[PDB]
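Asks: model this:
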Amino acid sequence: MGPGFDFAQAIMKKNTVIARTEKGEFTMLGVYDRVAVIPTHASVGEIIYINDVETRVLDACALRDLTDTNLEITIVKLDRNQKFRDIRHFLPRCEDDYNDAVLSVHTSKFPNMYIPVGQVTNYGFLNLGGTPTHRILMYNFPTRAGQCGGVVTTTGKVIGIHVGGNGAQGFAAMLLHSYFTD
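Replies: Numbers count the residues shown, from 1 in each chain. Below you will find the coordinate block:
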């Protein structure tokens, strides 16, 4: 509808796949080469389905901060025959608050879904499903099951992936440039 949705669509159309684990279908953001991210509660194993094709997992790393606190981001390297467009230059370098973000989801349940979520707070600590979690972004939208893995963008920036909600608010794990240096 406007330039926020423009940037979100440009990321969805080239940098997402549908990931299926034994815990469900997730929006999965591809970052560069064969490297993608997904919520850690997806419980990635040795094999994953990528757009319904059986795919070997070459590496999976559940990130934690240097306090040994959950970040709810798993970095996955896929045995895929095709690279993702490199989008690492759209990742923030530091923790921050944002205005006027969009949450974008693409699954079998919710194809081509875009939600203007508005202002994003650097929330910090969250007890997420009973797990102490850091680097949480919060937005005041009543987000639902089906949305986990959804991408949170502003114009020019890819800032997080949706990891939960409480019925009134939604919560994303931050993406930082420093997670994807090689």
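Asks: now the residue most central in space within the chain: which helix or strand?
Replies: By C-alpha atoms, centre = their mean, the chain has its centre lying nearest to residue 161, at 2.5 Å. Using DSSP states H and E, the element containing residue 161 is strand 157-165.
Asks: which parts of that strand are buried?
Replies: By 16 or more other C-beta atoms under 10 Å, the buried positions in strand 157-165 come out as 157, 158, 159, 160, 161, 162, 163, 164, 165. (C-beta placed from N, C-alpha, C; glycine too.)
Asks: partners of that strand in the sheet?
Replies: Next to strand 157-165 in the sheet, as set by DSSP bridges, lie strand 151-154 (antiparallel), strand 170-174 (antiparallel).
Asks: quick revisit: is it possible to get a markdown table of the buried residues of strand 157-165 that adds distance to residue 103?
Replies: Converted to a markdown table, those look like this (distance: C-beta to C-beta, whole Å):
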| residue | distance to residue 103 |
| --- | --- |
| 157 | 14 |
| 158 | 12 |
| 159 | 10 |
| 160 | 9 |
| 161 | 10 |
| 162 | 6 |
| 163 | 12 |
| 164 | 12 |
| 165 | 10 |
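Asks: from one end of stretch 94-114 to the other, what's the distance?
Replies: End-to-end distance of stretch 94-114: 25 Å, with C-alpha to C-alpha, to the nearest Å as the criterion.
Asks: cool, thanks, talk later.
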